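Colleague: I have a structure I would like to understand better, so I am pasting it below and will then ask my questions one at a time.
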Amino acid sequence: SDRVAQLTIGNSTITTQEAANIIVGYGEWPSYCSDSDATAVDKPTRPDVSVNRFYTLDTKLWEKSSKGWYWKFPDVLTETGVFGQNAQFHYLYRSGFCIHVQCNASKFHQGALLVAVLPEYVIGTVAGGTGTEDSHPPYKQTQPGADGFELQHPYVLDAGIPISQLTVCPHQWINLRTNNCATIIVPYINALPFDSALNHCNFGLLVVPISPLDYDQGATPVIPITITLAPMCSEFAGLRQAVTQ
Amino acid sequence: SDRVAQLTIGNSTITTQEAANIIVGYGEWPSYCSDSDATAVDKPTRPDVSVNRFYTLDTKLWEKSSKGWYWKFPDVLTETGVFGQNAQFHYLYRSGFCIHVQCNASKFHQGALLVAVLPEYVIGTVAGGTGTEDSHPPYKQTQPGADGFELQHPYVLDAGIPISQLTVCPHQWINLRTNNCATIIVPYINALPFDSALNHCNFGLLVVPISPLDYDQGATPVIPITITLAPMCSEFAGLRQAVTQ
Amino acid sequence: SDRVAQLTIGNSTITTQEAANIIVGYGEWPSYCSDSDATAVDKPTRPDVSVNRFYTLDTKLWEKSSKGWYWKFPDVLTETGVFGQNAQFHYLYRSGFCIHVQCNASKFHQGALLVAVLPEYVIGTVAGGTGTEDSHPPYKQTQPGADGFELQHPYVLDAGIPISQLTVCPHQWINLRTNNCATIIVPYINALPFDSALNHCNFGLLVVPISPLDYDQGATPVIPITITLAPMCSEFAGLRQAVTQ
Amino acid sequence: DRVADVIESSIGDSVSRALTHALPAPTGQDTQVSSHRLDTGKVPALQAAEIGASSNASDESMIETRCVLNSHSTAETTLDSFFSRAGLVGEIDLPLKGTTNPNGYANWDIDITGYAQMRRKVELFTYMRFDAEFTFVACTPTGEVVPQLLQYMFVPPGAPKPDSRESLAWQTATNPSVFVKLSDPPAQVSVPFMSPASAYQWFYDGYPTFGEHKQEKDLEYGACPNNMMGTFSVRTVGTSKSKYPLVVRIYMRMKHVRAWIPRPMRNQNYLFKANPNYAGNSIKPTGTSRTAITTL
Amino acid sequence: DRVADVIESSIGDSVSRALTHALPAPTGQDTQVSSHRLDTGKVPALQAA
Ligand SMILES: CCCCCCCCCCCCC/C=C\[C@H](O)[C@H](N)CO
């Protein structure tokens, strides 16, 4: 019962036969803003079925020597479909999310992944290697887009914090022995009721192989990883021209 | 629950641990003839346990290049036991059937079979190859006996009709990935309440490999197919001498 | 449900995920002696949690040419911990037992073991080979200790009785295809309410491979067997000096 | 009955146990409102085709839908709506000089398998039970209508078939007969269900005679005597030869139709009547073809 | 609102559904008496991380 699952939202569907339940982040579901919390006067727009549906970004290959990857939200979807058009036409933004990560292998492969969500994941630099140079990461590293970015020092999470305590954040595991998917549901997390989708990133998604991949020669050596996500309870306000930058 | 099954009729038993439910053809169970339907005056005989039991005909080998086979009913059982003796001693015949097909392999083999029942399966010829010669199939092809016969043009079912529409008939699949048996129950199908068992064949059984068999060298290369059947609610009338032809 | 099990007694725990239920020998549970049965006047001692807990004796390797092994109870535990100290400080002894045998392999190995409990398992000799010499087995064979002893003639059970009738005793099987553990619970079996733990052995445990071990070259060739046991409802009486012999 | 094997026996139960039943359905089914679902244990999409049954997934399970009221009628797909349309089933030619029917009379055995358009429709089922309606259209080879008297006689099996234009069998004292002119509108009549069985069958897997079935008796395979309904005979009413050549066309329309046990439709070209024979060398696929599966 | 997509719609629900709730806990939790168990089907030790 807990192994098979189906997720239906909008005009898209996902079916899986090897699952480990669904994590609801911080024990809260996405919802709309109330009148007490709201501050702006103009009424927002709620396009519903055209923006709350599953999107797939890209496929990444798992090697025996991989470090890890990370993505930024909602920076991935600012160029994809009606959600992207609405996000770059309006000034204010709010929504939840549903994240589904897929990776499958055989019964003779082994490995393990940690999939976690960290709000306000600020990226630091190596400070020139000696701590003397006060540099800042380029725009490519801070907001990599829908292609993601690969970690350089996964032990410190590229920010000076240990990875062994990342389980305090909403997370799941993908153990090739047990399951082949991970599902996490995230509400809207911010200190403001609305915010800009082009200047602020709410959180980040981390996929780090804790236990390395292994297999015997003769089996399939290509083990892809695919990311699928869907906004939930999206709201927009502050209509103006369309700005991309 | 739906995977394990047991079939008990007469003094024979069949046990299976990999099944896909039981198909009851046309949503009807075998039964005896009523007084309104009956036409003959003499009372029929119902030997019961001596004729309603499982019979196994023969074993056929599945190769990588097989075409398919077909059997004719009740022509297979006209020479086997008390059922055969009763069928060749009386003039009129009626009964249902229960068909069980068995084929097992390992977890590294692949393939698929289509098992279907087609009433009044008339066999045509290739008409000399040009459609000019009005030939008819020999008695060997029309009623092959208990040894069956191999199809020559499985695409047209040796009768000028497509195989892709054979699923309209009561049918099951034997997918080596999922199951290893198929069970079909057929009532008495005819436009008459009684008929001769030596001149008329009610239907035919088709076993055609849609997806070819495959395996790696080193595994077992012999994959047999066995047919088991049992009459249900048999009736005979019109006692006379014993004729075989 | 019947496959997974947990056994908790004292400060020790055993978890298994491949089991075949628990056998309760002779349909009776261990219990304490009643006033009608008791004969001695001094009150016994019941240390409880310090003696009723799981003990592991040793690991024995299963080869393609193994004969079998046997252990004697409670002779194995007369030198282990608080149970041994109590047994060698007092004169009278009584208790039940719980026996757990573990042996695991892969899905490509095959074999079978018979685990049985035989009360008053007296050992005979080969009588010099001709039946002329009235010899007796040495103390090493009669009470081998916690290391066990290997059978020389498993067909006659080293006592002149057939092995094919050993199933009349409380027993289980360890089929490498089905399960990997066997659990048996034995009450106190004797014609007296109390007895000496240093002169009398209540029963013996037999592990005999009926179907030999087999595997293909390249798999793991070391297949160990481990024995775990725990006394139940232990009682001691007749305190004196500590004697070991 | 004393032994407790006869009392408990199920022998003699003539009632048919039906798993299913028919329900009224004049229009197509509606569609109801559905929303998103995120749950474990409910998988309408995942199916198992090895069972032998069709998929039970619906619109509402897979996507989010709206409430739609369907009023489309299903009355055009019934059997009477599908089969009660006249089609050509036979043709008779009566020439002045020729080799086929030069003497002024002809005999036609009643059959439907002569023309492909109606044969393919009727051979979708195995058993069929219906009434008939035959219409006879008569004219010259060029279509011109000329003054002439014709007679049609229906000859049931066993009756003596006429052998000449002046045969004694044309007294039609018992067999029904029709006298009609070529200037009249086409004649048409009604025909009942005459089979000794309970339904006509287009496929008969067996032989009609007892004894050994050799290779010189192979033209009897598949022949069902219950479908041979007789002979249709036609002549020009007179003693001398007629002045004009004539052609007769027969159209038949079913009514009060019942059918059983559907089967796959014909795939190859027809070669002979009452014969499933096909051309061996030229077997063609069911449909068209394309160059690649990854393109259109 | 007439079409039966707006009436049934969940849009506009501003209340947060909480799976959990807070309970009073001034002191640490107690420990109760337990005995031995020998059963099949109950495995508190086996987990799935
Ligand atoms: C003046 C009356 C002329 C009558 C014309 C012929 C009427 C007889 C019709 C008989 C019933 C028609 C249906 C025949 C049976 C099957 O359809 C065919 N044998 C199929 O091959």
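We label chains A, B, ... in the order they appear in the structure tokens, count residues from 1 in each chain, and number ligands from 1 in the order shown.
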Write out as a PyMOL selection string the set of residues from segment 97-282 of chain D that DSSP, computed on the backbone, places in strand (DSSP E).
Modeller: chain D and resi 105-109+125-139+149-155+177-181+187-191+200-201+231-236+246-252+255-262
Colleague: Enumerate residues in contact with ligand 1: an atom-to-atom distance of at most 9 Å, counting only C-alpha atoms and all ligand atoms. Format the result as number ranges by chain.
Modeller: D: 109-114, 130-136, 151-156, 175-179, 187-195, 200-202, 226-234, 250, 252, 273-274
Colleague: Can you write just those residues out, N, CA and C atoms, as a short mmCIF file (atom, residue, chain, number, x, y, z; two decimals), in the first residue's frame?
Modeller:
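The resulting file, selection_6.cif, is reproduced below:
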```
data_model
loop_
_atom_site.label_atom_id
_atom_site.label_comp_id
_atom_site.auth_asym_id
_atom_site.auth_seq_id
_atom_site.Cartn_x
_atom_site.Cartn_y
_atom_site.Cartn_z
N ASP D 109 -29.19 -20.03 -57.10
CA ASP D 109 -29.18 -20.55 -55.74
C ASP D 109 -29.05 -19.40 -54.75
N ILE D 110 -29.93 -19.38 -53.75
CA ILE D 110 -29.98 -18.26 -52.82
C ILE D 110 -28.72 -18.26 -51.97
N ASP D 111 -27.94 -17.18 -52.07
CA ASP D 111 -26.73 -17.02 -51.28
C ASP D 111 -26.43 -15.54 -51.13
N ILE D 112 -25.68 -15.21 -50.07
CA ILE D 112 -25.28 -13.83 -49.81
C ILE D 112 -23.81 -13.59 -50.11
N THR D 113 -23.00 -14.65 -50.17
CA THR D 113 -21.56 -14.57 -50.30
C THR D 113 -21.08 -14.22 -51.70
N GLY D 114 -21.97 -13.76 -52.59
CA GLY D 114 -21.55 -13.47 -53.95
C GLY D 114 -20.89 -12.12 -54.13
N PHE D 130 -32.89 -13.38 -38.75
CA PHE D 130 -33.53 -12.19 -39.30
C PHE D 130 -34.62 -12.58 -40.29
N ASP D 131 -35.47 -11.61 -40.62
CA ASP D 131 -36.37 -11.67 -41.75
C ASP D 131 -35.73 -10.97 -42.95
N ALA D 132 -36.32 -11.17 -44.12
CA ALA D 132 -35.74 -10.65 -45.35
C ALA D 132 -36.77 -9.86 -46.14
N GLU D 133 -36.28 -9.16 -47.16
CA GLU D 133 -37.12 -8.36 -48.05
C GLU D 133 -36.39 -8.25 -49.38
N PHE D 134 -36.88 -8.94 -50.40
CA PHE D 134 -36.21 -9.04 -51.69
C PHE D 134 -36.89 -8.14 -52.70
N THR D 135 -36.10 -7.36 -53.43
CA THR D 135 -36.60 -6.47 -54.48
C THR D 135 -35.90 -6.81 -55.79
N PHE D 136 -36.67 -6.96 -56.86
CA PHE D 136 -36.16 -7.39 -58.16
C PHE D 136 -36.27 -6.23 -59.14
N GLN D 151 -41.82 -14.07 -65.00
CA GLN D 151 -42.32 -14.88 -63.90
C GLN D 151 -41.16 -15.28 -62.99
N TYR D 152 -41.33 -15.06 -61.69
CA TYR D 152 -40.37 -15.51 -60.68
C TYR D 152 -41.03 -16.58 -59.83
N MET D 153 -40.36 -17.72 -59.67
CA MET D 153 -40.85 -18.80 -58.83
C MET D 153 -39.82 -19.12 -57.76
N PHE D 154 -40.29 -19.32 -56.53
CA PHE D 154 -39.45 -19.72 -55.42
C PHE D 154 -39.57 -21.22 -55.24
N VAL D 155 -38.44 -21.92 -55.33
CA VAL D 155 -38.43 -23.38 -55.29
C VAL D 155 -37.76 -23.85 -54.00
N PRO D 156 -38.53 -24.30 -53.01
CA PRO D 156 -37.92 -24.81 -51.78
C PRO D 156 -37.14 -26.08 -52.05
N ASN D 175 -45.85 -23.85 -55.14
CA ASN D 175 -44.80 -22.87 -54.90
C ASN D 175 -45.32 -21.46 -55.17
N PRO D 176 -44.95 -20.48 -54.34
CA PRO D 176 -45.33 -19.09 -54.62
C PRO D 176 -44.65 -18.59 -55.89
N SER D 177 -45.37 -17.75 -56.63
CA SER D 177 -44.86 -17.22 -57.89
C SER D 177 -45.35 -15.80 -58.07
N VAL D 178 -44.63 -15.04 -58.90
CA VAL D 178 -44.94 -13.64 -59.15
C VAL D 178 -44.93 -13.39 -60.65
N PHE D 179 -45.99 -12.77 -61.15
CA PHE D 179 -46.07 -12.31 -62.53
C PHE D 179 -45.99 -10.79 -62.54
N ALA D 187 -40.77 -5.34 -58.23
CA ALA D 187 -41.53 -6.17 -57.31
C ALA D 187 -40.73 -6.42 -56.04
N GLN D 188 -41.44 -6.53 -54.92
CA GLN D 188 -40.79 -6.81 -53.65
C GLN D 188 -41.75 -7.57 -52.75
N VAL D 189 -41.19 -8.48 -51.95
CA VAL D 189 -41.95 -9.38 -51.09
C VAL D 189 -41.24 -9.52 -49.75
N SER D 190 -41.85 -10.29 -48.86
CA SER D 190 -41.32 -10.54 -47.53
C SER D 190 -40.99 -12.02 -47.36
N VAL D 191 -39.93 -12.29 -46.61
CA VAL D 191 -39.44 -13.66 -46.42
C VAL D 191 -39.26 -13.93 -44.94
N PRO D 192 -39.74 -15.07 -44.43
CA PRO D 192 -39.54 -15.39 -43.01
C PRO D 192 -38.20 -16.05 -42.72
N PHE D 193 -38.01 -16.49 -41.48
CA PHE D 193 -36.83 -17.25 -41.08
C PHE D 193 -37.14 -18.74 -41.24
N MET D 194 -36.46 -19.40 -42.18
CA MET D 194 -36.80 -20.76 -42.57
C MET D 194 -35.78 -21.81 -42.14
N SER D 195 -34.74 -21.45 -41.41
CA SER D 195 -33.71 -22.42 -41.08
C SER D 195 -34.26 -23.47 -40.13
N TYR D 200 -29.05 -18.75 -38.70
CA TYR D 200 -28.10 -18.99 -39.78
C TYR D 200 -26.68 -18.85 -39.26
N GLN D 201 -25.79 -19.70 -39.76
CA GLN D 201 -24.37 -19.60 -39.42
C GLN D 201 -23.56 -19.51 -40.70
N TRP D 202 -22.63 -18.55 -40.73
CA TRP D 202 -21.81 -18.32 -41.90
C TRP D 202 -20.54 -19.17 -41.91
N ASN D 226 -28.10 -26.44 -43.36
CA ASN D 226 -29.14 -25.60 -42.79
C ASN D 226 -29.22 -24.22 -43.42
N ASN D 227 -28.25 -23.84 -44.25
CA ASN D 227 -28.26 -22.55 -44.92
C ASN D 227 -28.77 -22.62 -46.36
N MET D 228 -28.98 -23.82 -46.89
CA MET D 228 -29.45 -23.99 -48.27
C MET D 228 -30.96 -23.85 -48.28
N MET D 229 -31.45 -22.67 -48.67
CA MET D 229 -32.87 -22.36 -48.55
C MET D 229 -33.66 -22.61 -49.83
N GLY D 230 -33.01 -22.97 -50.92
CA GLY D 230 -33.74 -23.34 -52.11
C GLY D 230 -33.12 -22.73 -53.36
N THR D 231 -33.98 -22.39 -54.31
CA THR D 231 -33.57 -21.89 -55.61
C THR D 231 -34.58 -20.86 -56.09
N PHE D 232 -34.07 -19.79 -56.71
CA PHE D 232 -34.90 -18.76 -57.32
C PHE D 232 -34.85 -18.92 -58.83
N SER D 233 -36.02 -19.05 -59.45
CA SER D 233 -36.12 -19.34 -60.88
C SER D 233 -36.87 -18.22 -61.59
N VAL D 234 -36.49 -17.97 -62.84
CA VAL D 234 -37.04 -16.87 -63.62
C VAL D 234 -37.15 -17.29 -65.08
N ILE D 250 -31.08 -8.36 -57.83
CA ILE D 250 -31.77 -8.67 -56.59
C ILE D 250 -31.12 -7.89 -55.45
N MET D 252 -31.58 -7.23 -51.14
CA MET D 252 -32.19 -7.81 -49.95
C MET D 252 -31.87 -6.96 -48.73
N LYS D 273 -17.06 -18.24 -53.20
CA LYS D 273 -18.20 -18.21 -52.29
C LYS D 273 -18.15 -19.40 -51.35
N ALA D 274 -18.53 -19.16 -50.09
CA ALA D 274 -18.51 -20.17 -49.04
C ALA D 274 -17.13 -20.83 -48.94
#
```
Colleague: Could you jot down the atom CA of residue 145 of chain B to atom CA of residue 72 of chain B separation for me, Å, one decimal place?
Modeller: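 One can read the atom CA of residue 145 of chain B to atom CA of residue 72 of chain B distance as 7.3 Å.
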Colleague: Which residues of chain D have any atom within 8 Å of an atom in chain E when counting only C-alpha atoms, and what is the closest pair of atoms for each, with the distance in Å to one decimal? Order the rows by chain and rising number and write it as JSON lines.
Modeller:
```
{"residue": "D:33", "atom": "CA", "partner": "E:5", "partner_atom": "CA", "distance": 6.5}
{"residue": "D:66", "atom": "CA", "partner": "E:5", "partner_atom": "CA", "distance": 6.1}
{"residue": "D:67", "atom": "CA", "partner": "E:4", "partner_atom": "CA", "distance": 6.2}
```
Colleague: Report as a tab-separated table (two decimals) with N, CA, C and O atoms, in the first residue's frame all protein, DNA and RNA residues lying within 6 Å of residue 174 of chain C, evaluated on only C-alpha atoms, omitting residues in the same chain fewer than 2 positions from it.
Modeller:
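Final output, out34.tsv:
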```tsv
chain	number	residue	atom	x	y	z
C	112	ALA	N	19.61	-27.82	2.94
C	112	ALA	CA	18.57	-28.06	3.93
C	112	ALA	C	19.19	-28.65	5.19
C	112	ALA	O	20.13	-29.44	5.11
C	113	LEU	N	18.65	-28.26	6.34
C	113	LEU	CA	19.12	-28.73	7.64
C	113	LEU	C	17.93	-29.22	8.46
C	113	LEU	O	16.81	-28.74	8.30
C	179	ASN	N	13.61	-20.14	4.37
C	179	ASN	CA	13.87	-19.41	5.61
C	179	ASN	C	15.35	-19.49	5.96
C	179	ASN	O	16.14	-20.16	5.28
C	180	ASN	N	15.73	-18.78	7.02
C	180	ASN	CA	17.11	-18.79	7.48
C	180	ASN	C	17.23	-18.87	9.00
C	180	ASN	O	18.28	-18.51	9.54
```
Colleague: Select all residues from chain E having any atom no more than 12 Å from an atom of chain C (counting only C-alpha atoms, ignoring ligands), output as an NGL selection string.
Modeller: :E and (34-47)
Colleague: Those same residues, written as a tab-separated table (two decimals), in the first residue's frame with N, CA, C and O atoms?
Modeller:
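Writing the result to selection.tsv gives the following:
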```tsv
chain	number	residue	atom	x	y	z
E	34	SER	N	7.96	-3.31	31.79
E	34	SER	CA	7.85	-4.14	30.61
E	34	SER	C	8.42	-5.52	30.89
E	34	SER	O	9.31	-5.68	31.74
E	35	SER	N	7.92	-6.52	30.17
E	35	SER	CA	8.38	-7.89	30.33
E	35	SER	C	8.83	-8.47	29.00
E	35	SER	O	8.91	-7.74	28.00
E	36	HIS	N	9.13	-9.76	28.97
E	36	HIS	CA	9.63	-10.38	27.75
E	36	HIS	C	8.50	-10.59	26.75
E	36	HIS	O	7.33	-10.72	27.11
E	37	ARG	N	8.87	-10.62	25.47
E	37	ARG	CA	7.93	-10.85	24.39
E	37	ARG	C	8.53	-11.84	23.40
E	37	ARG	O	9.71	-11.76	23.06
E	38	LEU	N	7.70	-12.79	22.96
E	38	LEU	CA	8.10	-13.80	21.97
E	38	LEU	C	6.91	-13.96	21.02
E	38	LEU	O	6.00	-14.74	21.28
E	39	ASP	N	6.94	-13.22	19.91
E	39	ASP	CA	5.81	-13.16	19.00
E	39	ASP	C	6.31	-12.93	17.58
E	39	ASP	O	7.45	-12.52	17.35
E	40	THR	N	5.43	-13.21	16.62
E	40	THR	CA	5.69	-12.98	15.21
E	40	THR	C	4.76	-11.89	14.68
E	40	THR	O	3.57	-11.89	14.98
E	41	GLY	N	5.33	-10.97	13.91
E	41	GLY	CA	4.57	-9.90	13.30
E	41	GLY	C	4.76	-8.54	13.94
E	41	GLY	O	4.40	-7.53	13.32
E	42	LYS	N	5.31	-8.48	15.15
E	42	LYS	CA	5.58	-7.22	15.84
E	42	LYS	C	7.09	-7.04	15.92
E	42	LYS	O	7.77	-7.79	16.63
E	43	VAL	N	7.60	-6.04	15.21
E	43	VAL	CA	9.04	-5.78	15.18
E	43	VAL	C	9.31	-4.30	15.44
E	43	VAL	O	9.53	-3.53	14.49
E	44	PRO	N	9.29	-3.85	16.70
E	44	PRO	CA	9.63	-2.45	16.98
E	44	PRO	C	11.06	-2.09	16.62
E	44	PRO	O	11.35	-0.91	16.36
E	45	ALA	N	11.98	-3.06	16.59
E	45	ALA	CA	13.38	-2.75	16.34
E	45	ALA	C	13.65	-2.45	14.87
E	45	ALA	O	14.46	-1.57	14.55
E	46	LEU	N	12.98	-3.15	13.97
E	46	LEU	CA	13.23	-2.97	12.54
E	46	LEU	C	12.60	-1.68	12.05
E	46	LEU	O	11.39	-1.47	12.21
E	47	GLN	N	13.41	-0.83	11.43
E	47	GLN	CA	12.98	0.49	11.00
E	47	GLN	C	13.29	0.67	9.52
E	47	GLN	O	13.91	-0.19	8.88
```
